[PDB]
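input.pdb, holding PDB, N, CA, C and O atoms:
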ATOM      1  N   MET A   1      70.354 174.747 143.237  1.00  0.00           N
ATOM      2  CA  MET A   1      70.732 176.135 142.876  1.00  0.00           C
ATOM      3  C   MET A   1      70.046 177.187 143.748  1.00  0.00           C
ATOM      4  O   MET A   1      69.154 176.890 144.542  1.00  0.00           O
ATOM      5  N   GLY A   2      70.466 178.435 143.566  1.00  0.00           N
ATOM      6  CA  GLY A   2      69.879 179.532 144.312  1.00  0.00           C
ATOM      7  C   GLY A   2      70.346 180.886 143.817  1.00  0.00           C
ATOM      8  O   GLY A   2      69.539 181.794 143.619  1.00  0.00           O
ATOM      9  N   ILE A   3      71.653 181.022 143.617  1.00  0.00           N
ATOM     10  CA  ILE A   3      72.225 182.277 143.142  1.00  0.00           C
ATOM     11  C   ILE A   3      72.512 182.217 141.645  1.00  0.00           C
ATOM     12  O   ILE A   3      72.440 183.231 140.949  1.00  0.00           O
ATOM     13  N   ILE A   4      72.836 181.025 141.157  1.00  0.00           N
ATOM     14  CA  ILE A   4      73.131 180.834 139.743  1.00  0.00           C
ATOM     15  C   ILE A   4      71.860 180.895 138.903  1.00  0.00           C
ATOM     16  O   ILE A   4      71.904 181.213 137.715  1.00  0.00           O
ATOM     17  N   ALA A   5      70.729 180.588 139.529  1.00  0.00           N
ATOM     18  CA  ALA A   5      69.444 180.612 138.841  1.00  0.00           C
ATOM     19  C   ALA A   5      68.871 182.024 138.796  1.00  0.00           C
ATOM     20  O   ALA A   5      68.077 182.355 137.917  1.00  0.00           O
ATOM     21  N   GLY A   6      69.279 182.854 139.751  1.00  0.00           N
ATOM     22  CA  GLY A   6      68.796 184.221 139.802  1.00  0.00           C
ATOM     23  C   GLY A   6      69.793 185.211 139.234  1.00  0.00           C
ATOM     24  O   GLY A   6      69.433 186.338 138.892  1.00  0.00           O
ATOM     25  N   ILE A   7      71.049 184.790 139.131  1.00  0.00           N
ATOM     26  CA  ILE A   7      72.101 185.648 138.600  1.00  0.00           C
ATOM     27  C   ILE A   7      71.724 186.195 137.227  1.00  0.00           C
ATOM     28  O   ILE A   7      72.101 187.310 136.868  1.00  0.00           O
ATOM     29  N   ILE A   8      70.977 185.403 136.467  1.00  0.00           N
ATOM     30  CA  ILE A   8      70.545 185.809 135.135  1.00  0.00           C
ATOM     31  C   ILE A   8      69.444 186.862 135.210  1.00  0.00           C
ATOM     32  O   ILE A   8      69.292 187.683 134.306  1.00  0.00           O
ATOM     33  N   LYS A   9      68.678 186.831 136.295  1.00  0.00           N
ATOM     34  CA  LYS A   9      67.592 187.784 136.492  1.00  0.00           C
ATOM     35  C   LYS A   9      68.124 189.117 137.007  1.00  0.00           C
ATOM     36  O   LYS A   9      67.450 190.144 136.914  1.00  0.00           O
ATOM     37  N   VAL A  10      69.338 189.095 137.548  1.00  0.00           N
ATOM     38  CA  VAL A  10      69.963 190.303 138.075  1.00  0.00           C
ATOM     39  C   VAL A  10      70.949 190.894 137.073  1.00  0.00           C
ATOM     40  O   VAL A  10      71.000 192.110 136.881  1.00  0.00           O
ATOM     41  N   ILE A  11      71.728 190.026 136.438  1.00  0.00           N
ATOM     42  CA  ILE A  11      72.713 190.462 135.454  1.00  0.00           C
ATOM     43  C   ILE A  11      72.077 191.370 134.405  1.00  0.00           C
ATOM     44  O   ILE A  11      72.732 192.256 133.857  1.00  0.00           O
ATOM     45  N   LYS A  12      70.796 191.143 134.133  1.00  0.00           N
ATOM     46  CA  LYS A  12      70.070 191.940 133.153  1.00  0.00           C
ATOM     47  C   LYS A  12      69.806 193.347 133.684  1.00  0.00           C
ATOM     48  O   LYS A  12      69.970 194.333 132.965  1.00  0.00           O
ATOM     49  N   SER A  13      69.397 193.431 134.946  1.00  0.00           N
ATOM     50  CA  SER A  13      69.109 194.716 135.571  1.00  0.00           C
ATOM     51  C   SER A  13      70.399 195.461 135.904  1.00  0.00           C
ATOM     52  O   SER A  13      70.420 196.690 135.971  1.00  0.00           O
ATOM     53  N   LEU A  14      71.473 194.706 136.111  1.00  0.00           N
ATOM     54  CA  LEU A  14      72.768 195.293 136.435  1.00  0.00           C
ATOM     55  C   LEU A  14      73.326 196.073 135.250  1.00  0.00           C
ATOM     56  O   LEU A  14      73.825 197.188 135.407  1.00  0.00           O
ATOM     57  N   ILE A  15      73.236 195.481 134.063  1.00  0.00           N
ATOM     58  CA  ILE A  15      73.729 196.122 132.851  1.00  0.00           C
ATOM     59  C   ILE A  15      72.911 197.365 132.515  1.00  0.00           C
ATOM     60  O   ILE A  15      73.399 198.281 131.853  1.00  0.00           O
ATOM     61  N   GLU A  16      71.665 197.390 132.978  1.00  0.00           N
ATOM     62  CA  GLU A  16      70.779 198.521 132.727  1.00  0.00           C
ATOM     63  C   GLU A  16      71.248 199.758 133.489  1.00  0.00           C
ATOM     64  O   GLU A  16      71.525 200.798 132.893  1.00  0.00           O
ATOM     65  N   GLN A  17      71.332 199.634 134.810  1.00  0.00           N
ATOM     66  CA  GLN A  17      71.766 200.743 135.653  1.00  0.00           C
ATOM     67  C   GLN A  17      73.162 201.213 135.259  1.00  0.00           C
ATOM     68  O   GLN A  17      73.449 202.410 135.263  1.00  0.00           O
ATOM     69  N   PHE A  18      74.028 200.263 134.920  1.00  0.00           N
ATOM     70  CA  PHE A  18      75.395 200.580 134.525  1.00  0.00           C
ATOM     71  C   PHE A  18      75.409 201.517 133.320  1.00  0.00           C
ATOM     72  O   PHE A  18      75.823 202.672 133.422  1.00  0.00           O
ATOM     73  N   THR A  19      74.956 201.009 132.178  1.00  0.00           N
ATOM     74  CA  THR A  19      74.918 201.798 130.953  1.00  0.00           C
ATOM     75  C   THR A  19      74.200 203.125 131.175  1.00  0.00           C
ATOM     76  O   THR A  19      73.070 203.157 131.663  1.00  0.00           O
ATOM     77  N   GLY A  20      74.862 204.219 130.814  1.00  0.00           N
ATOM     78  CA  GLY A  20      74.270 205.534 130.982  1.00  0.00           C
ATOM     79  C   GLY A  20      73.793 206.126 129.670  1.00  0.00           C
ATOM     80  O   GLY A  20      73.996 207.312 129.405  1.00  0.00           O
ATOM     81  N   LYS A  21      73.160 205.300 128.846  1.00  0.00           N
ATOM     82  CA  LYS A  21      72.652 205.747 127.554  1.00  0.00           C
ATOM     83  C   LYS A  21      71.255 206.344 127.696  1.00  0.00           C
ATOM     84  O   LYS A  21      70.794 207.082 126.825  1.00  0.00           O
TER      85      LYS A  21
END

How does the structure come out when it is put into structure tokens?
Amino acid sequence: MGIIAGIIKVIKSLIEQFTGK
């Protein structure tokens, strides 16, 4: 693995910047 193992570490930060709450 390489991207699938880190995708979870990024998907979390991605949803943060996205949401404008």

- Message: With DSSP run on the backbone, what are the alpha helix (DSSP H) residues within chain A? I'd like them as JSON, numbers by chain.
- Response: {"A": [7, 8, 9, 10, 11, 12, 13, 14, 15, 16, 17, 18]}

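Atom pair atom O of residue A:1 / atom N of residue A:16 has a distance of 23.7 Å (rounded to one decimal).
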
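The space between atom O of residue A:20 and atom N of residue A:6 spans 27.0 Å.
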
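Counting from atom CA of residue A:7, the distance to atom CA of residue A:19 is 18.1 Å.
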
Write out as AutoDock Vina command-line options an axis-aligned box for stretch 15-20 of chain A: all of its atoms listed in the file, 4 Å added on each side, centre and edge lengths in Å with one decimal.
--center_x 73.3 --center_y 201.4 --center_z 132.5 --size_x 13.0 --size_y 19.8 --size_z 14.2
